[PDB]
Amino acid sequence: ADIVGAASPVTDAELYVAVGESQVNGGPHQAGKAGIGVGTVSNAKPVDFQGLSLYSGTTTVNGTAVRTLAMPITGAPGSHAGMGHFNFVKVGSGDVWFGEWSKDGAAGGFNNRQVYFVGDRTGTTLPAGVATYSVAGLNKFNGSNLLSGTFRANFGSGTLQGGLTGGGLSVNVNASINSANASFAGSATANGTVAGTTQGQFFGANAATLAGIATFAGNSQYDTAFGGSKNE
Ligand code: HEB
């Protein structure tokens, strides 16, 4: 596998997540896939998102299946008591994910919140010309505040620009596409005033999908995870 991803900054030495290639072969978990670890379970050894699917709830909004995971879960070991609260979305048919995590979810105020994306880059190529993407975004998801918008990619010029809006929040991104590794990086702007950065990745043949995070250091409430599939 060729797993790539990123998470916004950790806020605590134990209450945090990190993304990367999954390492756990045990229970429902399989190594070698797009994964996440939490500091409260085996010092964040990562497990695969795919395996979490059959145990996660679903809230579908505007055609986006937001997956939700938190204790209690039948068959989860006691070591998992402090796993926290995950909201995450599978992007397309491949092993591509974006989402957020917090200690206590909506009921507790999304403490220790982080955003992330992670996916398998195997087989990724970039097409010629231009394409647009229907993108969804998550920031403290409560069931009715999903962000949505359109990103515009110009692969000939190496630009990715777009915006997401929802639940009173607007995030715009302006990034440069790196054709050597199909990543992108640039600025992010929240509600037209708050400066941050964007980092993300195209996945799949002919850039079938993308995922990324927009983060705002010193203004972290606006941190947003996003992803979507190419239009057509
Ligand atoms: C059922 C259901 C379930 C679920 C949902 C889960 C979810 C999870 N998980 Fe799991 N796990 C499990 C079940 C589970 N799990 C099991 C069964 C196991 C095995 C262990 C034993 O054996 O006990 C594990 C195991 C495990 C491990 C290993 C540890 C050691 O060192 O060994 C880890 C790290 C984890 C994590 C995790 C996470 C992070 C999550 C989320 C996100 N996990």
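So, a few notes on the structure that sits alongside this text.

Reading the values: the criteria
Residues numbered from 1 in each chain as written, not as in the entry; some residues may be left out. Heavy atoms only, no water. Near = heavy atom within 4 Å. Polar contact = N/O pair within 3.5 Å; in protein donor to acceptor, adjacent residues only side chain to side chain. Nonpolar A, V, L, I, M, F, W, Y, C, P; charged D, E, K, R; others polar. Buried < 20%, exposed > 50% of the residue type's maximum accessible area, 1.4 Å probe, protein only. Helix = DSSP H or I, 4+ residues; strand = E, 2+ residues; numbered from the N terminus. Pairing = 2+ DSSP bridges. Salt bridge = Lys/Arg side-chain N within 4 Å of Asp/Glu carboxyl O. Axes fitted to C-alpha atoms, helices over the stretch in contact; angles between N-to-C directions. Contact = heavy atoms within 4.5 Å. Donors = N, O, S within 2.8 Å, 3.2 Å for Na, K, Ca; no water. Tetrahedral: all angles 85-135°; square planar, octahedral: opposite > 155°, others 65-115°. Core = buried A, V, L, I, M, F, W, Y, C linked by side-chain atoms within 4.5 Å.

## Some remarks on the site of the ligand
And step 1. Every one of the 20 residues lining the ligand counts as a neighbour, but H29, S42, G75, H80 and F86 are closest to it.
And step 2. Within the side chain of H29, an N or O atom sits 3.0 Å from a nitrogen atom of the ligand.
And step 3. Note that a nitrogen atom of the ligand is positioned 2.7 Å from one of the side-chain N or O atoms of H80.
And step 4. Across the shell around the ligand, the residue classes tally to 13 nonpolar, 6 polar and 1 charged.

## Focus on the pairing of strand β13 (residues 169-178)
And step 1. Because side chains alternate across β13, one face comprises the buried residues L169, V171, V173, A175 and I177, and the other comprises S170, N172, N174, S176 and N178, none of which is buried.
And step 2. By the bridge criterion, 8 bridges tie strand β12 (residues 159-166) to β13 in an arrangement that is antiparallel. In the sheet register, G162 faces β13, and the bridge partner there is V173.
And step 3. Connecting β12 to the next strand, β13, in antiparallel fashion are 2 residues, including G167 with a positive phi near 55°.
And step 4. As judged from the 8 bridges shared by β13 and strand β14 (residues 183-190), these two strands associate in the antiparallel manner. Bridging across to β14, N174 finds its partner in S187.

## Some remarks on the sheet that holds strand β4 (residues 47-48)
And step 1. Reading across from one edge, β2-β3-β4 is the order of the 3 strands in this open sheet, with antiparallel pairing throughout. On the outer flanks of this sheet lie β2 (17-21) and β4, each paired with one strand and no other.
And step 2. Sheet topology places strand β3 (residues 34-38) next to β4; 2 bridges connect them, and they run antiparallel. Bridging from a neighbouring strand, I36 pairs with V47 of β4.

## Thoughts on the pattern of salt bridges
And step 1. As enumerated under the stated definition, the model contains 2 salt bridges in all.
And step 2. Its salt-bridge partner being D2, residue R121 comes within 2.9 Å of it at the nearest N-O pair. Of this pair, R121 sits in the loop between β9 (114-120) and β10 (130-138) while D2 sits in the segment before β1 (3-7); the two residues are 119 residues apart in sequence, bridging distant segments of the chain.
And step 3. On the basis of relative accessible area, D2 is assigned to the partly exposed category, the value being 29%.
And step 4. A salt bridge links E100 to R113, with the nearest nitrogen and oxygen atoms 2.8 Å apart. Of the two residues, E100 is situated in strand β8 (residues 96-102) and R113 in the loop between α2 (105-108) and β9; the sequence distance between them amounts to 13 residues.

## What about the sheet that holds strand β7 (residues 85-90)?
And step 1. Strand order in the open sheet made by the 6 strands is β1-β9-β8-β7-β6-β5, with antiparallel pairing throughout. In this open sheet, the two strands that pair with only one neighbour each are β1 and β5 (57-61). Along the sheet, successive strands turn relative to each other by an average axial angle of 20°, direction set aside.
And step 2. As paired strands, β5 and strand β6 (residues 64-69) are joined by 5 bridges and run antiparallel to one another. Bridge pairing in β6 places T58 opposite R67.

## Thoughts on the side chain of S53
And step 1. Mapped onto the elements of the fold, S53 is located in the loop between α1 (49-52) and β5.
And step 2. Of the residues examined, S53 reaches a relative accessible area of 18% and is grouped as buried.
And step 3. In this structure, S53 is in contact with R67 and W97, ignoring residues within four places of it in sequence.

## So, the coordination of the iron atom of the ligand
Tetrahedral coordination by four donors puts the ideal angle at the metal at 109.5 degrees, and octahedral coordination by six puts it at 90 or 180 degrees.
And step 1. Those donors, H29 (NE2) and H80 (NE2), are the protein atoms that reach the iron atom of the ligand, and they lie 2.2 Å from it.
And step 2. Taken together, the 6 donor atoms coordinating the iron atom of the ligand span angles of 82 to 174° at the metal, a pattern that classifies the geometry as octahedral. A residue pair is termed long-range when its members are at least 10 positions apart, and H29 in the loop between β2 and β3 and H80 in the loop between β6 and β7 qualify at 51 residues.
And step 3. Overall, the relative accessible area of 15% leaves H80 in the buried class.

## Regarding the nonpolar core
And step 1. The biggest cluster of nonpolar side chains holds 26 residues, and the ones touching the most others in it are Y133, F151, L160, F202, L210 and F226.
And step 2. Those elements that place two or more of their residues in this core are β10, β11 (147-154), β12, β13, β14, β15 (194-203) and β16 (209-215).
And step 3. Ranked by residues supplied to this core, first place goes to β13 with 5 residues.
And step 4. One finds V38, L69, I73 and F88 within the second-largest nonpolar core, a separate group that totals 20 residues.

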